[PDB]
Amino acid sequence: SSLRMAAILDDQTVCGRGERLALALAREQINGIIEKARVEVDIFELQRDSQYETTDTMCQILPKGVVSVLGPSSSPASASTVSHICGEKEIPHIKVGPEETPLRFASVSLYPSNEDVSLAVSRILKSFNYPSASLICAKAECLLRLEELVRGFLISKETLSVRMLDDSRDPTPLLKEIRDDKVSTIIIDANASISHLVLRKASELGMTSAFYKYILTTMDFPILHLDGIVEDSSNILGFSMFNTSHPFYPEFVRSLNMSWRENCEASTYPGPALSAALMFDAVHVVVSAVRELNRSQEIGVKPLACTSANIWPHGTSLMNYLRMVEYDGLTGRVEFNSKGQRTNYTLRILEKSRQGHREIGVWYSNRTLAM
Amino acid sequence: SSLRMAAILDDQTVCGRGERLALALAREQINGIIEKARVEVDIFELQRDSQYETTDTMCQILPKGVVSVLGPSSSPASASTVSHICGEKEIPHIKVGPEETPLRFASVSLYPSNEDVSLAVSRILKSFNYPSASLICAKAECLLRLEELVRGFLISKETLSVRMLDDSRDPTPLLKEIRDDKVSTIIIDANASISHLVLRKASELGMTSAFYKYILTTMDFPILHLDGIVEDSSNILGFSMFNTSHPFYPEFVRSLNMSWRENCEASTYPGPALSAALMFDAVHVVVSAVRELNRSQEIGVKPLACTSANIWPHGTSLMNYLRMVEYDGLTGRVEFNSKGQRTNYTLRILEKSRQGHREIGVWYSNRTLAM
Amino acid sequence: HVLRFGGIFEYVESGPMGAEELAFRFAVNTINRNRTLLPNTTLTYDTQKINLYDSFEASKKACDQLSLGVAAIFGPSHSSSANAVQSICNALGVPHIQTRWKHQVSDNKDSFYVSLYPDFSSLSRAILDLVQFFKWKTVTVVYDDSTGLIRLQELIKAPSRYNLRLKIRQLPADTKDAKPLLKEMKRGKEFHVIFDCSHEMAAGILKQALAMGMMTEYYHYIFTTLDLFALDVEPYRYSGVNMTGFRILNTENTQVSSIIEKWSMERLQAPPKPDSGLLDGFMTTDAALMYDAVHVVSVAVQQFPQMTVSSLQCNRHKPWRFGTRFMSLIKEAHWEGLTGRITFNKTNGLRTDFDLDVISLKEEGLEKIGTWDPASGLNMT
Amino acid sequence: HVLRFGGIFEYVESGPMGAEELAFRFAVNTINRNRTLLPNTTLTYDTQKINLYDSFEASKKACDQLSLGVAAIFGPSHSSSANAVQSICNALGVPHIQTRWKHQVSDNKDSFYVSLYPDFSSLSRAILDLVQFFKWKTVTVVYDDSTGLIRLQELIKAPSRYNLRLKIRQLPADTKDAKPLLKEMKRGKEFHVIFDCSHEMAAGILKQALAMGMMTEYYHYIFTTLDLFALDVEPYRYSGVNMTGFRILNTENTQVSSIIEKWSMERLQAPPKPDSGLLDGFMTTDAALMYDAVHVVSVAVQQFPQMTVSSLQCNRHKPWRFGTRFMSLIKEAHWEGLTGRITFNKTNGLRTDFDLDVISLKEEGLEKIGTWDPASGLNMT
């Protein structure tokens, strides 16, 4: 009698990314057609990225009449676990966040695969004749998410060198060594925090000049505001998926802009988070496939459990309809392929400036095209 | 009641090598002790070197009470056949002549093996720092009899080149090509005939000068008289086994010297043939081993045949006594080894001259020693 | 009195018990009949077998084991599976012994677990010490898709600090037959290669290299596998190609060779068919670490008589009483076992300090040409 | 009317009949049911098997065959054995067909015999044409002790006339395992080698070279064996090492491939155990020459109806009446058989004129890269 779906969110509520609010904004819009079954979305908070803790959560979702599971978006381990269970339950899993170390398979992801992210950074260096590369890896996973990139080019001081940042050790000696090897191109890989920090103690070394060129793999670039660290000659590229083509985009940013200093006014509002963006379109994609599956086969959800070895009969069915999806959300064209990755989407390469951002180029899922 | 032994001779009677006479001279000396059983030796002439013809001969020797078979000495094919039959009859075979392509084994040879002959020529070149070698092979078998030599050194124009003499083609263009490759050392391999002929049309090309050095592998060197082809500076080495240490040597040469122009006075007497020399000592070696075997086991010879698969019981027995033989004949120390080859013998290297020969050096069966 | 240990061993096509589980049933059977360790104490255990690549079941199995009361938990021997048990343990303050490497997230906030397998981060340094030793200018590390190249992070850092042009290449995890891979290598004069894979996958590549003619004195391969010694290098020991690797098993000791000797007088798992190229008769390091995984803990428990196996319950309960402490006794305990001397780090808990034995491929076969360790550097011969 | 042929085939460990004798029993069975040759004439034969390495018996056996009345004599297939039969034949003016090479003394005064096996003196020239073709400066021919190096006299003459540093080396006829031999070769950078031996001995060396690592694109071996095509070069075709040889069997013909096809539908001699490395399914050249040995004579006899098998007697008799002539008809007869076109020399009688097909070892296996002949020289592709 209703279209339910769980959403394991690990985001906070006080000055967070605004994911719990992103889902609500989506459900309201869906229930604005009047005329069928409603659309409900259950929220399942997570505390710490732990397999153990997540397993207990799934045994509370199965008993309910769910159709799909969203997130986590910032919980690598807690994400892989949900996929494994969703696989032995035929309950689709809309992954939208981390991705490491890719047997039972049954799930699709909106977040750009580690293949496209590495291929994008590779196409950018292409227009520069592949200068002296020097990625500033922030962690160990930095090698997996950019696997296709590291293997692509030779590893040396003249082609591509990798330097990892030790914890509680900061980006100090690093940039220094880069200057020694007369390296110009630098590709940092980390969250919005370390991305702002690495460039901070960098600009105070002449590393902010037009002589150097940086490439941020972090998708939280449009929200990453650099005030007092950038110049007019600086070169700091980035990535984005926010498609202004969506008329609801302006209204979306409005909700988060006010809600920010309405609950946690202890800081300013950076900008629409990528996490919330994926969550929004996600809910639509689910209800979209179910809408089509409710046209061919009557859809009935029967309570499952961790103890019972039962599966959702309309599992594999909905999985095919979550493959032929065509939704235009706050992230561009939402389409999937065989494996279940997102394709036929654009990847606008933004570049910071004296005030705001400037789309210097765009990367497609087949060819690059800047300027 | 007697010590018989066959002797397949292929030598002629009219101006030949004097083998049929060599055996007689031996038997007479053996029967000059007076005091045991006599010593008889049957002669079996051969017409043409043919397996077929020799097989028929052996079926006439077996029926007789033989102890050993001597020769042939100048019949390669007719020699190998006799060995094969002697093997399946346990009747020792005293080979003394050819030797090609060495299963049933039971025979000993007095003639220097192709290993010692090649090793001798190798030791000679040793005292010359192995100059530009260029063997003038007379036939195809020239490669087998000198196998250990050809394999020993590299094959080229700077180390060792082999040139064969086509039949009815003579040694003309050959020596010419040698002059082109500024070759100094030349090692000819053929009978007493081609050995005299090759050097003949050679001396008329300045090839007889002291600048060049020749080495004859032919054992009929002491009889090979070069009159009008040699000089005082010429260098023509050779080989010999005639040990003057034997007091009967002078008497031996006497018999052949007269018998030559006593039956065939259509030519002069070259000198004691190597064939006759081996035949003489051969008969002694046989009666020697049998003499020792008649001390341990009573020796009885029972008529065999080509049809009967019988063998001479005292075959393997006599074979061991033909191994521990120690006879000093017209060829030096007569001793055998495991396989049955002749060892512990000397090999005097003679060198022609103005008149006669001159022992320049000697080759042992373990080390060389010239001058 | 008696103590109940853990036990989680995945099924195997071999037989009722795998070489892994056998090492455990053999370790907890020698300590009993030996007053040298745990004199007035007898040991028992609860066997809990699970499926391969299955972590969900692995969670309910490990949880059920805590329900029967246990002091520690051994296994499983899989990345994902053991990764789940590790969390359930650190959540209920129960020690989790591990004898195999697994992809551990850098955000690992756990504290109740110990790995006896040589830390790959500290093992990679041993590889680099050989690269610089052979005055290597270039090199090509070829890892298996089974695991990311994070396990070789230290090797990828060399090109930055040290002088070395490293090149990355992936082995077809699908099948051992990868002609095209070895092809490009021979085209780029890549004579220096470093294979990162078990003795199974490694042997599957050597057979290919020989067919590629890449087995000559021009090439020199370095393997990360600690089961190098247990590799039939007969068809190659005559070639001329050099091979170097490591061996943690201290076979240069009577006390060590004695145990392994009695181990081959039990097979149970029939020797694998002669196809991959494994030299039967030598115990695998996988089972060696499990034999030492029981001893390293049996010493920490002997010095802690005040301990009673409580019956915990995952999903809803409180940490084990004598847990936070019993774990500290293990991260400080030392033991001279088969895999040399055991010593866990005084921080991350991982075993980064150990003793390896450099081995090369000479005309006779595989012989030791030196040793290695974190404290000293390299002592060759 | 019918004609009685000869037949001397040594026993074999394989079965009642060897691949040699089968070729004969198969040849004299096709001519009968085929009006193309010998229309109004039926053929018969007298089988006379002997021992290996036995020439004495071989003499009394061949002689007894002449006693039953025969026009010709086939076999045996041994050097010494056939060498004896050859003499008994030329002594009684009776044709002696030979399908195998044998050490023939240069003083051979015989005249009643013909060898279909490609004269090694004329085959050696084919080898030299490849040496100069590959701009070879040096080379090392390695022959087997089974036969002297007289069979390769033409190869030893090259260093004199042509520009080439040849080096001689002997293969241990005792066992196929000769590590030390291949050793010295790799020490002297002897990449150019020419193996002179059958497909059996040859395959026994390749297995060794692979174990010596001497199987790379640096080496290039040339075999004298005509059974090169019938050699399992699977473990090497992926390496890169080049291999060249010859093949007298004209498989590039339907009429030729048809016969061989029906030959594999009879084995009798079970295929040899997979150890030496022989590719089962292809007929050996040894049996190929025997099939053509019957045809080459069946054409010479058809053109000589005036012939009655007389009963001769070795050791004491007179030459065969229609012998001196029937032999001349064979030394002039031509026939297009399996081993290409047959044509005996107009002097020595030996077959010095024939057609060979150059074959190399490419990435797929063994393919023909050209042809060779005494008349023309070399036509490559």
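Residues numbered from 1 in each chain as written, not as in the entry; some residues may be left out. Chains lettered and ligands numbered in written order. Heavy atoms only, no water.

- Method of determination, as given in the entry header: X-ray crystallography; reported resolution: 3.94 Å.

Overview of a nonpolar patch on the surface
- Residues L103(A), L52(C) and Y53(C) make up a contiguous nonpolar surface patch of about 390 Å² in total accessible area.
- With respect to the helices and strands, the residue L103(A) is situated in the loop between β6 (93-95) and β7 (108-109).
- A relative accessible area of 78% means that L103(A) is categorised as exposed. (Patch = residues over 30% accessible without salt bridge, like charges linked within 9 Å, V, L, I, M, F, W, Y side chains within 5 Å. Areas by Shrake-Rupley, 256 points an atom, 1.4 Å probe, with all protein chains shown as cover. Salt bridge = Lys/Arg side-chain N within 4 Å of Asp/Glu carboxyl O. Helix = DSSP H or I, 4+ residues; strand = E, 2+ residues; numbered from the N terminus. Buried < 20%, exposed > 50% of the residue type's maximum accessible area, 1.4 Å probe, protein only.)

Quick notes on the packing of helix α10 (residues 285-302) of chain D against helix α11 (residues 323-330) of chain D
All names here are of chain D.
- Where α10 contacts α11, the two axes come as close as 8 Å, and the packing angle between them is 125 degrees. On the basis of the axis angle, α10 is oblique to α11. Our pair here, α10 against α11, has a crossing hand that is right-handed. Where α10 abuts α11, its residues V296, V297, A300 and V301 lie against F326, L329 and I330.
- Tallied by class, the residues present in the contact of α10 with α11 amount to seven nonpolar, no polar and no charged. (Axes fitted to C-alpha atoms, helices over the stretch in contact; angles between N-to-C directions. Parallel < 35°, antiparallel > 145°, perpendicular 65-115°, else oblique. Left-handed = near helix turned anticlockwise from the far one by under 90°. Contact = heavy atoms within 4.5 Å. Nonpolar A, V, L, I, M, F, W, Y, C, P; charged D, E, K, R; others polar.)

A look at the domain arrangement of chain A
Residue and element names in this part refer to chain A.
- Assigned domains of chain A: these are domain 1 (1-112 + 241-260 + 272-344) and domain 2 (113-240 + 261-271 + 345-371).
- One C-alpha centre belongs to domain 1, the other to domain 2; they are set 29 Å apart.
- Contact with domain 1, which involves 25 residues of that partner, is made by 27 residues of domain 2.
- Overall, the association of domain 1 and domain 2 removes approximately 2300 Å² of surface from exposure, summing both partners, and the carbon and sulfur fraction of that is 56%.
- Three residues stand out in domain 1 for area buried against domain 2, namely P112, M241 and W260, and they jointly supply 31% of the buried area on that side.
- For the pair domain 1 and domain 2, the number of links is zero salt bridges. (Domains from an automatic or database assignment. Buried area = accessible area lost by both parts, 1.4 Å probe.)

A short note on the nonpolar core
- Grouped together as the largest cluster of nonpolar side chains are 188 residues, with contacts concentrated most on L70(A), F74(C) and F246(C).
- Counting residues per element, this core draws most heavily on helix α9 (residues 274-296) of chain A, which supplies 14 residues.
- Counting 186 residues, the second-largest nonpolar core is a separate cluster that includes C306(B), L347(B), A23(D) and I260(D). (Core = buried A, V, L, I, M, F, W, Y, C linked by side-chain atoms within 4.5 Å.)

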